[PDB]
Amino acid sequence: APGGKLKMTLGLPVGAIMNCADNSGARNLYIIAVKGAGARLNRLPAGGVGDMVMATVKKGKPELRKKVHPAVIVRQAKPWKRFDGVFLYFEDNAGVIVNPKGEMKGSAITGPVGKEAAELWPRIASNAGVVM
Amino acid sequence: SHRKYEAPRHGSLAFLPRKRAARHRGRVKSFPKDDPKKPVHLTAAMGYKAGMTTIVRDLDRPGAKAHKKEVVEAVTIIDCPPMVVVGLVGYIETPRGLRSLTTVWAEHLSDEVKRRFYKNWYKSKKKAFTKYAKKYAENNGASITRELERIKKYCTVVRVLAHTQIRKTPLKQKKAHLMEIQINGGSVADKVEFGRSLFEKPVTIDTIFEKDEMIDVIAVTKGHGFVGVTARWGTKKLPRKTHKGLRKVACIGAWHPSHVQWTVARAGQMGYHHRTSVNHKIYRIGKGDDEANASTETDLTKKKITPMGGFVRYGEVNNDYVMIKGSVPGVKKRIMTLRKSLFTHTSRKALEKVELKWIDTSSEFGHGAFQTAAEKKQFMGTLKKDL
RNA sequence: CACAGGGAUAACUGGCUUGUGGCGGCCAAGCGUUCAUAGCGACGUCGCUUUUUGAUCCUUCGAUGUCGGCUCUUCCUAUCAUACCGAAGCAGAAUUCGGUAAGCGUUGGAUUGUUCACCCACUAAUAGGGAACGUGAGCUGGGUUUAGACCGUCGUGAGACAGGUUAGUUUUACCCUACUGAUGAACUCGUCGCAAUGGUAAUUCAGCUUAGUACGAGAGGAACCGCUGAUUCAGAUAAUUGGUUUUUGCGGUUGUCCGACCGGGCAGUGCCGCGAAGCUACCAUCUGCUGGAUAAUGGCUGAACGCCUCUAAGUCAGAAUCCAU
RNA sequence: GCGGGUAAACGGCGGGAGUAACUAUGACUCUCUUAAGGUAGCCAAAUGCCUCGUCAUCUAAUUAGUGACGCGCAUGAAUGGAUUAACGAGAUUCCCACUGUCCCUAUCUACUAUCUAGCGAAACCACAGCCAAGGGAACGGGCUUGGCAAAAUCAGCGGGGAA
RNA sequence: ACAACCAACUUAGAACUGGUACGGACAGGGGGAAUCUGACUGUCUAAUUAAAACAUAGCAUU
RNA sequence: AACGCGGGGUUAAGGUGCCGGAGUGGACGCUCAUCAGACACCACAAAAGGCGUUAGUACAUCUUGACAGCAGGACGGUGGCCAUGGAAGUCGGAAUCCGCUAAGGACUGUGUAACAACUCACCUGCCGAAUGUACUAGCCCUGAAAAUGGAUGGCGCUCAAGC
RNA sequence: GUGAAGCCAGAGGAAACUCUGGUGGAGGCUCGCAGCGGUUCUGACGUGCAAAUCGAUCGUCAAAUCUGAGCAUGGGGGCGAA
Ligand SMILES: [Mg+2]
Ligand SMILES: [Mg+2]
Ligand SMILES: [Mg+2]
Ligand SMILES: [Mg+2]
Ligand SMILES: [Mg+2]
Ligand SMILES: [Mg+2]
Ligand SMILES: [Mg+2]
Ligand SMILES: [Mg+2]
Ligand SMILES: [Mg+2]
Ligand SMILES: [Mg+2]
Ligand SMILES: [Mg+2]
Ligand SMILES: [Mg+2]
Ligand SMILES: [Mg+2]
Ligand SMILES: [Mg+2]
Ligand SMILES: [Mg+2]
Ligand SMILES: [Mg+2]
Ligand SMILES: [Mg+2]
Ligand SMILES: [Mg+2]
Ligand SMILES: [Mg+2]
Ligand SMILES: [Mg+2]
Ligand SMILES: [Mg+2]
Ligand SMILES: [Mg+2]
Ligand SMILES: [Mg+2]
Ligand SMILES: [Mg+2]
Ligand SMILES: [Mg+2]
Ligand SMILES: [Mg+2]
Ligand SMILES: [Mg+2]
Ligand SMILES: [Mg+2]
Ligand SMILES: [Mg+2]
Ligand SMILES: [Mg+2]
Ligand SMILES: [Mg+2]
Ligand SMILES: [Mg+2]
Ligand SMILES: [Mg+2]
Ligand SMILES: [Mg+2]
Ligand SMILES: [Mg+2]
Ligand SMILES: [Mg+2]
Ligand SMILES: [Mg+2]
Ligand SMILES: [Mg+2]
Ligand SMILES: [Mg+2]
Ligand SMILES: [Mg+2]
Ligand SMILES: [Mg+2]
Ligand SMILES: [Mg+2]
Ligand SMILES: [Mg+2]
Ligand SMILES: [Mg+2]
Ligand SMILES: [Mg+2]
Ligand SMILES: [Mg+2]
Ligand SMILES: [Mg+2]
Ligand SMILES: [Mg+2]
Ligand SMILES: [Mg+2]
Ligand SMILES: [Mg+2]
Ligand SMILES: [Mg+2]
Ligand SMILES: [Mg+2]
Ligand SMILES: [Mg+2]
Ligand SMILES: [Mg+2]
Ligand SMILES: [Mg+2]
Ligand SMILES: [Mg+2]
Ligand SMILES: [Mg+2]
Ligand SMILES: [Mg+2]
Ligand SMILES: [Mg+2]
Ligand SMILES: [Mg+2]
Ligand SMILES: [Mg+2]
Ligand SMILES: [Mg+2]
Ligand SMILES: [Mg+2]
Ligand SMILES: [Mg+2]
Ligand SMILES: [Mg+2]
Ligand SMILES: [Mg+2]
Ligand SMILES: [Mg+2]
Ligand SMILES: [Mg+2]
Ligand SMILES: [Mg+2]
Ligand SMILES: [Mg+2]
Ligand SMILES: [Mg+2]
Ligand SMILES: [Mg+2]
Ligand SMILES: [Mg+2]
Ligand SMILES: [Mg+2]
Ligand SMILES: [Mg+2]
Ligand SMILES: [Mg+2]
Ligand SMILES: [Mg+2]
Ligand SMILES: [Mg+2]
Ligand SMILES: [Mg+2]
Ligand SMILES: [Mg+2]
Ligand SMILES: [Mg+2]
Ligand SMILES: [Mg+2]
Ligand SMILES: [Mg+2]
Ligand SMILES: [Mg+2]
Ligand SMILES: [Mg+2]
Ligand SMILES: [Mg+2]
Ligand SMILES: [Mg+2]
Ligand SMILES: [Mg+2]
Ligand SMILES: [Mg+2]
Ligand SMILES: [Mg+2]
Ligand SMILES: [Mg+2]
Ligand SMILES: [Mg+2]
Ligand SMILES: [Mg+2]
Ligand SMILES: [Mg+2]
């Protein structure tokens, strides 16, 4: 789970389907859990841009489907603000498949990537294009 | 049988008598511990909540993510015209607690503070302190000197009776607020001399507090009326198909105790509670006579703290004001009680020196996009009304 | 299906009992390379508990609403995690056992009415229970389930089944008390205070540094202090962002009516865009203290008992504990 | 009574033991009994208890669903079997769309509730109404022992009155 | 074969134009892959059951 | 202990610190519990264990002097017999006799390519009246964990107001 | 809305019967208003407006459709798409 991450508005609860921003062969990612989630009755675990989640591939390559993968949310449509006071949001929700260590399965990232993911995951920062 | 899934209780029992506050003015229930080695000083002050605004500053916090970068922070503004010290109260120790042995008043009291002693000031004879005023003339103030000497001899706690100059605020109220402010430091004789020298004299809030100081704000919170459990205690809403109401608590107690217990959430009064919020940093103490009290070293535009069009539902801050990081209990126009901190501060967040860079002065009445009227005129150009 | 009754008599709570269920102790053959007692542990034996099920029939049959789930509060400890300690077949790391300990937490889902269970996943941990098998004038009605209906087996039949399936009305509070809030007579009316008593609050994790250092042949690999964040909880607040729109504020627009235009009515807010103010969201922001006394343990001095010994007199330190602030 | 017919009359439709160049099973056989011993089909089906049967598929996870399998407690041929386009306010599973069902609640409108003028019931009621423990008909409002305990009241409320 | 006179509506094509909007209110089907079951339309427990129950045509028997 | 309505006296069971009428009555002991105990029926407790009090058995010292707290000695055949480059008491095993000393074994362990120095049993010597072992049973303690807050009846009680 | 027989015309072919525009206006067909009914909210109400109503949502809607008056069947009897 990323360390040093500041509090931000979480846009994607468990059950959300987001786009796959890398070229691993998956079309989307279906979030089943979040790594940092605590315990609270009835509260769905939720994640924001730049934290690790557990996801399954609903549409994509057959040898990527039917499994559980670690993923990192690279952009979200729910507006949130950083310490600079600017509220920002992306067009869609998207994430990338990674190892438990944080290394991407794919080799390229399509579209922009939120700054939090790039700061917290060096592999995503190296593979990313436009950041924020 | 046991509760199936564990969950913490809703709300706190530490604020349990969720009743209306007994008094509108906030109550200082504890003053900072006295230290005779320190110089004599007042420990509290009063002001009026004007509103909130936004500031930008460079954060000085090594190791933090936002270190040496701009941060946007919400701040609160308290209009603080100088208070007037009008009295002294001496307190002695007793096996039953502290008790006031005596109090001494100034020779002249203003109508602002005299209004506090009346319910029907308009139709009264306004005789509040007329007989007391004669004591300064009879026997060359022998009784006044006697009471001051009694306070010096016996009392261990000295407080000044001070009132607000509410007429300098845009408030429609004319009745001033009066309270006791403890004098800390020095001996009891020093405290008495300080309080007596301050008689019918104004004290400004920059002589009491200073920038980057952590203070406490005491006030009565915003009042809501009779409120159900869902908002009053934050309980879970019952399903949509619930008969006879879903905005409730389903079980309000088991069988065997055979009483509704004090720990069960129930509908009732919400808000208008006395609160002592602590650890608020003073970002700026601006002066009323300063025509650019909202200006900055990096923002040289001559502007005052008041937003464009005035503070919504307050007016203009024409007096000295304090800027407090974050929010404080109470609505606008409320009488705020500022108290010195009871804690010892060692964290770098508490000890940081704050240097502002920009203070928002755009309109509070909408999506204000300009900081000054001159900026508005420059951007828009000439209008039809300018002829 | 009916009636007269029965708590003389069953099904559900409670009561006695505790075989059974659960949880401990004593002994210690044996296991544990070596060694009964680090940790297990046979034969035997002493118990505790009433979250199992039996046994009984004391209360209720002129009726105490019968499962489960949801919601919510509190209590218990036989402690899953968190605090501080002691022991190891404890080099480090990770574990295991035990002590003081119930302050604080103990989750999101697939299948199933479930209880129970088992999987997926997160987590510090996903501990076990009570409160009329807590909680139906709180809900719901999925289960049990009257009357309709189908099947299988049984019956000559009407019909039966602790078998499967489908459909099947969930009433009343305005009384008393309890609780949540709100007034208030009497002691002149006010202002400023005190504080008996009652309540009480915080919680856990992560990253950086320590440090690839202590310890290790090596694989590997702590910690104290300090710094920065985050989870759960609590109390506020609305500068900003988002939601809400009868501001029916401005604009657009359908039908119809006022002869057309202008300006309007009606369609219970005609509809649409924007929309200040107010309310409000971990959907937003701010804030959450330290003193004393201790428990287990670690000690000092020091007898009993010429020696020893933290204890007997005395005394130091010390836990998420207790009492205060 | 006797003797024939009749199942689109009511209805019924069986056990045991060996057996194929390793083996498993048993085509085949040996044997006991019936009126006849379940044929064509179909199935953990609204019919199977064991059972959340076994395999495959659907999911991250499926006591659900579907497709297969069948010594089927207890399927089966007008007590109708199997299939079936179209139809169904019938029961069930999944997918897309959709959304406050939910995360997690917030806000707005009307009418109530609310306060007032007027009018104005009913249910129910041994007496009544604060608890803790004890004993007691083994769950007290009254009894015993303690805690305690201050007029008169309003809006809510659903713990108790085994209402 | 053209001109004149008379008469409603229905359809089609083009240009321009604005808020990229136009069945602008009102009015007004969600759809698909399957399983069980009854063929279908129809009928019944008025006041808890609308169903797979009843009926039906067809088939068969007496 | 059985009952008509009354007065006086005396008792029973039970009580006399206060509630509560009557004793902070008298005598001799026991018990300190960071879960004291105090309830005939009766309203909770056991096997097992612990240096407080008493008791039964046996033992040591009896001045020739106990346990605890101390210095010193283990002579001399003795390379004994088997074993060996080499282990003379201290690799391997069966066995340790004494002429001069209150006491010293072919030796209790240490050391060691063989040794030696060192150590123990024991005692002449410092001292100085009570000592060790195993048991028995009184009180107390551990064993002794449940759910609203709580009950030797309550308060409280410790040279008892407990036994 | 769909568009059954019957009918007109034109295309093929060899025949016979194929095809294509139209016409037509059948069906216990279909969407849907009134009527009739009463599925779900297990909504309102539940000392009600009401001893069965109210709202939304639903089934059917050209025929086993809905309905008036007159008449018949009368209690172990009637009547019953049960
Ligand atoms: Mg909330
Ligand atoms: Mg309901
Ligand atoms: Mg504003
Ligand atoms: Mg009985
Ligand atoms: Mg038992
Ligand atoms: Mg053991
Ligand atoms: Mg039992
Ligand atoms: Mg019974
Ligand atoms: Mg009964
Ligand atoms: Mg009864
Ligand atoms: Mg009841
Ligand atoms: Mg559930
Ligand atoms: Mg314990
Ligand atoms: Mg532990
Ligand atoms: Mg607690
Ligand atoms: Mg979790
Ligand atoms: Mg029970
Ligand atoms: Mg129950
Ligand atoms: Mg109830
Ligand atoms: Mg009910
Ligand atoms: Mg229930
Ligand atoms: Mg049901
Ligand atoms: Mg039935
Ligand atoms: Mg059945
Ligand atoms: Mg059913
Ligand atoms: Mg139904
Ligand atoms: Mg207190
Ligand atoms: Mg080393
Ligand atoms: Mg709030
Ligand atoms: Mg807005
Ligand atoms: Mg707004
Ligand atoms: Mg609107
Ligand atoms: Mg307009
Ligand atoms: Mg118009
Ligand atoms: Mg009109
Ligand atoms: Mg409308
Ligand atoms: Mg808007
Ligand atoms: Mg010592
Ligand atoms: Mg001591
Ligand atoms: Mg067969
Ligand atoms: Mg079939
Ligand atoms: Mg079968
Ligand atoms: Mg099955
Ligand atoms: Mg089938
Ligand atoms: Mg099935
Ligand atoms: Mg499902
Ligand atoms: Mg299945
Ligand atoms: Mg199947
Ligand atoms: Mg059969
Ligand atoms: Mg059959
Ligand atoms: Mg046949
Ligand atoms: Mg059959
Ligand atoms: Mg057939
Ligand atoms: Mg079909
Ligand atoms: Mg009312
Ligand atoms: Mg009235
Ligand atoms: Mg009466
Ligand atoms: Mg009681
Ligand atoms: Mg009892
Ligand atoms: Mg009782
Ligand atoms: Mg009663
Ligand atoms: Mg009493
Ligand atoms: Mg009273
Ligand atoms: Mg009510
Ligand atoms: Mg009640
Ligand atoms: Mg009653
Ligand atoms: Mg369209
Ligand atoms: Mg429709
Ligand atoms: Mg049908
Ligand atoms: Mg009929
Ligand atoms: Mg009915
Ligand atoms: Mg009936
Ligand atoms: Mg019905
Ligand atoms: Mg007499
Ligand atoms: Mg007498
Ligand atoms: Mg006595
Ligand atoms: Mg007396
Ligand atoms: Mg005495
Ligand atoms: Mg005595
Ligand atoms: Mg003691
Ligand atoms: Mg004890
Ligand atoms: Mg008794
Ligand atoms: Mg014993
Ligand atoms: Mg003893
Ligand atoms: Mg006691
Ligand atoms: Mg007594
Ligand atoms: Mg007594
Ligand atoms: Mg005695
Ligand atoms: Mg039809
Ligand atoms: Mg109708
Ligand atoms: Mg209803
Ligand atoms: Mg009602
Ligand atoms: Mg209706
Ligand atoms: Mg609606």
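Side chains are part of it too, since the values below use all heavy atoms of this structure and drop only hydrogens, waters and symmetry mates. Every chain is numbered from 1, with letters handed out A, B, ... down the list of sequences.
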Output the rounded distance in Å from NE2 (B:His2) to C1' (C:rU73).
15 Å

Measure from NZ on B:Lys248 to P on D:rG158 and round the result to the nearest Å.
4 Å

With distance as the sole criterion, do the side chain of [X] and the base of [N] form a donor-acceptor contact below 3.5 Å?
| X | N | result |
| --- | --- | --- |
| B:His10 | C:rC72 | no |
| B:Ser12 | C:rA234 | no |
| B:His243 | G:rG46 | yes |
| B:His280 | C:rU287 | no |

Between [Y] and [X], is there a salt bridge with N-O shorter than 4.0 Å?
| X | Y | answer |
| --- | --- | --- |
| B:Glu213 | B:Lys281 | no |
| B:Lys175 | B:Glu112 | no |
| A:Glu116 | A:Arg82 | yes |
| B:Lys332 | B:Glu364 | yes |

May I ask whether [N] and [M] qualify as a Watson-Crick or G-U wobble pair, both distances being under 3.5 Å?
| N | M | answer |
| --- | --- | --- |
| C:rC40 | C:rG168 | no |
| C:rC31 | C:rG39 | yes |
| C:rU17 | C:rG54 | yes |
| C:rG14 | C:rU241 | no |
| C:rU180 | D:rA155 | yes |

Quick one: is [N] close enough that its OP1 or OP2 comes under 4.0 Å of any side-chain N or O from [X]?
| X | N | value |
| --- | --- | --- |
| B:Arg313 | C:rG278 | yes |
| B:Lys49 | C:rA238 | yes |
| B:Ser1 | C:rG134 | yes |
| A:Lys78 | C:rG242 | no |
| B:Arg348 | C:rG226 | no |
| B:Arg20 | C:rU183 | yes |
| B:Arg99 | C:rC194 | no |
| B:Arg9 | C:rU74 | yes |
| A:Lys66 | D:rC58 | yes |
| B:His256 | D:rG159 | no |
| B:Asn279 | C:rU287 | no |
| B:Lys332 | C:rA238 | no |
| B:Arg96 | C:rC194 | no |
| B:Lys222 | C:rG278 | no |

Can you run through RNA chain G from 5' to 3' and write each base as (, ), [, ], | or . depending on how it pairs? Watson-Crick or G-U wobble, both distances under 3.5 Å.
((...(..((((....))))..)...)|).....(((..((.((........)))).)))......................

Check nucleotides 103-111 of chain D for protein N or O atoms closer than 3.5 Å to its own N or O atoms and list the pairs.
unit_1, atom_1, unit_2, atom_2, d
D:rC103, OP1, B:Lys236, NZ, 2.5
D:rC103, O2', A:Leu44, N, 3.3
D:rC104, OP2, A:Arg43, NE, 2.8
D:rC104, OP2, A:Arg43, NH2, 3.4
D:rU105, OP1, B:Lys236, NZ, 2.9
D:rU105, OP2, B:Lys237, N, 3.1
D:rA106, OP1, B:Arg247, NH2, 3.1
D:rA106, OP2, B:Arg247, NH1, 2.8
D:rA106, OP2, B:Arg247, NH2, 3.3

Could you check whether A:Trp80 and A:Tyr89 have their ring centres less than 6.0 Å apart?
no

Give a yes or no on whether the ring-centroid distance for B:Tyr314 and B:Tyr48 is below 6.0 angstrom.
no

Which is it for G:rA14, anti or syn, if anything within 90° of zero counts as syn?
syn

So, is C:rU51 syn or anti if syn means the angle is within 90° of 0?
syn

B:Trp121 six-ring face occupied by B:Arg116 cation (under 6.0 Å, within 45°):
no

Pick the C1' atom in F:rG99 and in F:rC126, then give their distance to the nearest Å.
34 Å

Pairwise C1' distance, C:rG54 and C:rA11 [rounded to whole Å]:
16 Å

Would [N] and [M] be classed as stacked, given the thresholds of under 5.5 Å between six-membered ring centres and under 30° between planes?
| N | M | answer |
| --- | --- | --- |
| F:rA22 | F:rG23 | no |
| C:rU309 | C:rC310 | no |
| C:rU245 | C:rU246 | no |
| D:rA61 | D:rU62 | no |

Check: B:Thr221 side chain, B:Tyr272 main-chain N or O, donor-acceptor pair, under 3.5 Å:
yes

Measuring from the side chain of A:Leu6 (C-beta onward, heavy atoms only), which nucleotide among C:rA234, D:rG159, C:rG229 has the closest atom?
C:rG229

Sign of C1'-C2'-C3'-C4' (positive north, negative south) puts the sugar of C:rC305 south

